[PDB]
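# Examination of the molecular architecture
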Amino acid sequence: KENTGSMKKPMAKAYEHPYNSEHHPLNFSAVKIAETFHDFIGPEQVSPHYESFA
Amino acid sequence: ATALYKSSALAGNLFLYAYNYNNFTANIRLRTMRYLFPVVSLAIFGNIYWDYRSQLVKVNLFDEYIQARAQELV
Ligand SMILES: CCCCCCCCCCCCCCCCCC(=O)OC[C@H](COP(=O)([O-])OCC(O)COP(=O)([O-])OC[C@@H](COC(=O)CCCCCCCCCCCCCCCCC)OC(=O)CCCCCCCCCCCCCCCCC)OC(=O)CCCCCCCCCCCCCCCCC
Ligand SMILES: CCCCCCCCCCCCCCCCCC(=O)OC[C@H](COP(=O)([O-])OCC(O)COP(=O)([O-])OC[C@@H](COC(=O)CCCCCCCCCCCCCCCCC)OC(=O)CCCCCCCCCCCCCCCCC)OC(=O)CCCCCCCCCCCCCCCCC
């Protein structure tokens, strides 16, 4: 009997806010400022060498 | 040069509002900027054009006088 089960059709989509995006988030937080910050300073500059540059 | 720079800096503010349009428009914490950004923009435009317009008037007054006074002296 369990094998005979089926699945209902779910809703197509929920509400899509016309003024919020992943790159331009509507509300503010320090998390998004952190993403923009580490994109500016770039990722950790990992050295492949065995001795320091200086 | 001064009028062109101050016009580009004003255009820069319009980009800042356009680049952040969704926040200035939908977030109520930024309503005061949405409401008063254009008033400041007009007051800035007015200063830019006022100075250019006044300078233009004076240059034309100066040019028409030296021509008239010169012919009298001739
Ligand atoms: C027409 C011809 C003219 C042009 C000719 C061309 C010449 C152009 C010159 C370019 C030279 C090549 C450039 C190479 C890279 C930059 C130089 C460098 O050393 O980088 C490697 C050096 C470390 O080498 P590393 O092995 O790759 O790093 C391994 C570790 O990650 C590091 O950390 P660690 O702790 O894990 O490991 C040990 C660490 C231990 O030591 C340290 O970590 C140093 C600690 C410093 C950080 C402490 C906090 C202070 C910083 C706060 C930030 C303030 C600035 C920002 C805020 C204002 C916004 C602008 O490093 C060391 O081993 C000793 C330090 C290196 C020797 C001492 C160098 C002192 C001067 C360097 C700083 C410049 C000061 C300003 C001078 C300029 C005056 C206007 O990087 C730095 O520490 C900072 C670099 C920033 C330098 C900016 C200035 C560039 C101009 C360089 C000219 C030479 C200096 C002239 C000053 C003379 C004063 C005595
Ligand atoms: C060491 C040498 C020194 C050289 C000095 C020069 C240094 C470089 C300068 C760089 C800054 C200037 C940028 C020049 C363009 C460079 C191309 C570029 O953007 O990089 C590649 C850039 C991609 O960036 P990516 O680095 O590859 O990756 C970005 C990530 O994906 C993330 O995507 P994202 O979209 O979020 O990234 C945005 C990205 C790129 O954002 C952009 O979309 C670039 C567009 C920036 C427009 C600048 C304002 C100009 C307003 C229009 C004036 C038009 C006048 C003529 C009108 C004729 C028609 C009547 O970054 C920026 O937003 C740059 C903004 C720079 C700061 C501007 C602050 C202004 C206030 C301070 C004023 C100071 C006085 C000077 C102001 C001068 C103003 C003339 O390419 C594009 O974005 C393609 C855009 C395609 C659609 C554009 C549609 C037109 C948009 C116009 C906006 C209209 C605003 C409202 C109207 C205002 C007029 C009344």
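Residues numbered from 1 in each chain as written, not as in the entry; some residues may be left out. Chains lettered and ligands numbered in written order. Part of a larger assembly, values for the part shown. Heavy atoms only, no water.

In the annotation of the PDB entry, chain B is listed under the name ATPTT7 and assigned to Tetrahymena thermophila. The title line of the PDB record says "Cryo-EM structure of Tetrahymena thermophila mitochondrial ATP synthase - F1Fo composite tetramer model".

As annotated in the PDB entry, chain A carries the name subunit b and comes from Tetrahymena thermophila.

Residue and element names in this part refer to chain A. For ligand 1, the full set of nearby residues is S52, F53 and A54. One nitrogen or oxygen atom from the main chain of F53 is found 2.9 Å from an oxygen atom belonging to ligand 1. At a separation of 3.3 Å, an oxygen atom of ligand 1 approaches a polar backbone atom of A54. Protein chains shield 7% of the accessible area of ligand 1, which is 1800 Å² for the free molecule. (Near = heavy atom within 4 Å. Polar contact = N/O pair within 3.5 Å; in protein donor to acceptor, adjacent residues only side chain to side chain. Areas by Shrake-Rupley, 256 points an atom, 1.4 Å probe, with all protein chains shown as cover.)

The next thing to look at is the pattern of salt bridges. Residues and elements named next belong to chain A. Per the stated rule, a full pass over the model turns up 4 salt bridges over all chains. Ionic pairing is found between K13 and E16, a salt bridge with its closest N-O pair at 2.9 Å. For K13, a relative accessible area of 53% corresponds to the exposed category. The residue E35 makes a salt bridge to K32 at a minimum N-O spacing of 3.4 Å. Of this pair, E35 and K32 both sit in helix α1 (residues 30-40), 3 residues apart, which is roughly one turn of the helix. (Salt bridge = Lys/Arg side-chain N within 4 Å of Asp/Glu carboxyl O. Buried < 20%, exposed > 50% of the residue type's maximum accessible area, 1.4 Å probe, protein only. Helix = DSSP H or I, 4+ residues; strand = E, 2+ residues; numbered from the N terminus.)

Residue and element names in this part refer to chain B. Secondary-structure assignment places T25 in helix α2 (residues 21-26). By relative accessible area, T25 is classed as buried at 16%. A distance of 2.7 Å separates a polar atom in the side chain of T25 from the backbone oxygen of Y21. When neighbours within four sequence positions are excluded, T25 is seen to be in contact with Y17 and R34. (Contact = heavy atoms within 4.5 Å.)

Moving on, we come to the site of ligand 2. Taken together, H23 of chain A together with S8, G12, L14, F15 and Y19 of chain B make up the full set of residues adjacent to ligand 2. In this structure, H23 of chain A approaches ligand 2 through a side-chain N or O atom, which is 2.5 Å from an oxygen atom. In the environment of ligand 2, an oxygen atom lies 2.7 Å from a nitrogen or oxygen atom belonging to the side chain of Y19 of chain B. About the coverage of ligand 2: the protein hides 21% of its 1900 Å² of free accessible area. Split by residue class, the shell around ligand 2 holds 3 nonpolar, 3 polar and no charged. (Nonpolar A, V, L, I, M, F, W, Y, C, P; charged D, E, K, R; others polar.)

The next thing to look at is the packing of aromatic side chains. In the structure shown here, the tally under the stated rule is 7 aromatic pairs over all chains. Between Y19 of chain A and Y21 of chain B the ring centres are 6.4 Å apart and the planes differ by 45°, which places this aromatic pair in the tilted class. Separated into two different chains, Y19 of chain A in the segment before α1 and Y21 of chain B in helix α2 make up a pair that spans both. Look at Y19 of chain A and you get partly exposed, because its relative accessible area is 33%. Residue classification places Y21 of chain B among the partly exposed residues on the basis of a relative accessible area of 40%. Between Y17 of chain B and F37 of chain B, the aromatic rings sit 5.2 Å apart at their centres with planes inclined by 40°, giving tilted as the arrangement. Separated by 20 residues along the polypeptide, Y17 of chain B in helix α1 (residues 2-19) and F37 of chain B in helix α3 (residues 31-73) bring together distant segments of the chain. With respect to class, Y17 of chain B is no different from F37 of chain B; both count as buried. Chaining the aromatic ring pairs together yields one cluster made of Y19 of chain A together with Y17, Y21, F24 and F37 of chain B. (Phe/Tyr/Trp six-rings, centres within 6.5 Å; stacked < 30°, edge-to-face > 60°.)

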